[PDB]
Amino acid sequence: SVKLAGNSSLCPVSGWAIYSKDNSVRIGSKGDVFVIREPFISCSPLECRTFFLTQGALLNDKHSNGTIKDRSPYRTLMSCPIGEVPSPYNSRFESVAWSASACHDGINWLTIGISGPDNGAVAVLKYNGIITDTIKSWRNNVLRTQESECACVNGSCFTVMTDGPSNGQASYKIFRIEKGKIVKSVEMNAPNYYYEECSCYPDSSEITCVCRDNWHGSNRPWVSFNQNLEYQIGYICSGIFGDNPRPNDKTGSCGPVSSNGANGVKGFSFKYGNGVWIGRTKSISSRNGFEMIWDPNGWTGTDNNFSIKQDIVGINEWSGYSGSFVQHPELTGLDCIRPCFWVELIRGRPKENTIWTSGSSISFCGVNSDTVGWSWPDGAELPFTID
């Protein structure tokens, strides 16, 4: 058992091969499946797991009523093996949480679960399931974190948290965590930027995060930093705008794009020099479809020209959150950090006529062998009996 090095570079990839699909909402029509949202995948050196925030309720049961609501004392962070439906009969309990992150350092799992009131929430940190630290709201306004895996390099794990309004300037902090203990934190000097729900990955011993600007950006903000949390900030320049909502593609910007910039969705991108692989919704106005786009100058260039598009979910199908996850050399035997991604397929409120909201997931891993575009949607037939 050894710490993940995290010192190799990301594997360059040409396409995305399908890795998992859980069908949770379809199975939940009869089976005992948690109502969940905000799922994500994270791997150890031995396995990949899906983490998710339950609503303390099963699908097709009356307790799923009102699960559009984001924060309650019932919500818990749990995990199961990748591609299995999240059930009380296969799910490991992690934390009481309405916002979370998790990652494995090579030795044990770090989990971060935030609960408590909007005016004073507390992140509880656990290492191997023992509480090892806490951090409390410093702006008293919905302390919130990634909803995806943290990133680890040589025994240190890193995450981003946000505290403040969701329609204006907020405060953003970056953390270094070792064996579940916060050993350093810094508050970002980022005037006119906004960051939340960051998707962060390791790459050549450094951390890159691509986040959501809910304030006034239709492109995605990024922050990268080293083990000492010395950081750099920007927005993805590509005119292939990554957020949802967003305008139609056109010339981009290296700061925040204000057009359709308010609101957003969690997402990700991978940086390869001046190029970028963007995952995004296919619809500009709602969480519908999903596609991956390789723009070989999109990190720093502002044109809307790109070279590869691979379909993942069809434009008439419900999508949702998406996030990065990696497979390290210690897991794969490769000489590089493999990029993967998951997509959350949201069903129910607000877009459908149900009492509940819940998601399934799909996930894909980067390869340089042949791949194909298609649509792998949630597949459930709504409404359900309970509705």
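Numbers follow the displayed sequence, beginning with 1.
361-369 set against 9-17, stretch whose average Cα temperature factor tops the other in the entry:
Stretch with the higher mean C-alpha B-factor: 9-17.
#### Entry: Which of 199-207 and 297-305 has higher mean CA B factor, as the PDB entry lists it
Looking at the record's C-alpha B-factors, the answer is 297-305.
Quick one: which of 101, 115, 167, 91 has the biggest Cα B-factor according to the entry?
Checking the PDB record, the top C-alpha B-factor among 101, 115, 167, 91 is at 167.
Among 145, 227, 79, 128, which residue carries the highest C-alpha B-factor recorded in the PDB entry?
Of 145, 227, 79, 128, 227 has the highest C-alpha B-factor.
* To do: Consider only the C-alpha atoms of the modelled residues in this chain, order them by B-factor as the entry records it, and name the third containing residue 286: lowest, middle or highest.
  => For residue 286, the deposited C-alpha B-factor lands in the highest third.
Q) Compared with the other modelled residues in the chain, in which third is the CA B-factor of residue 74? A) Tercile = lowest for this residue's CA B-factor.
- Lowest, middle or highest third: where is residue 351 by Cα B-factor in its chain? Highest third, going by the recorded CA B-factors of the chain.
Determine, from the deposited record, the chain-internal third of the Cα B-factor for residue 268: lowest, middle or highest. Residue 268: CA B-factor falls in the lowest third of its chain.
Quick check on the deposited entry: does the C-alpha B-factor of residue 48 sit in the lowest, middle or highest third of its chain?
Ranked within chain, residue 48 CA B lands in the middle tercile.
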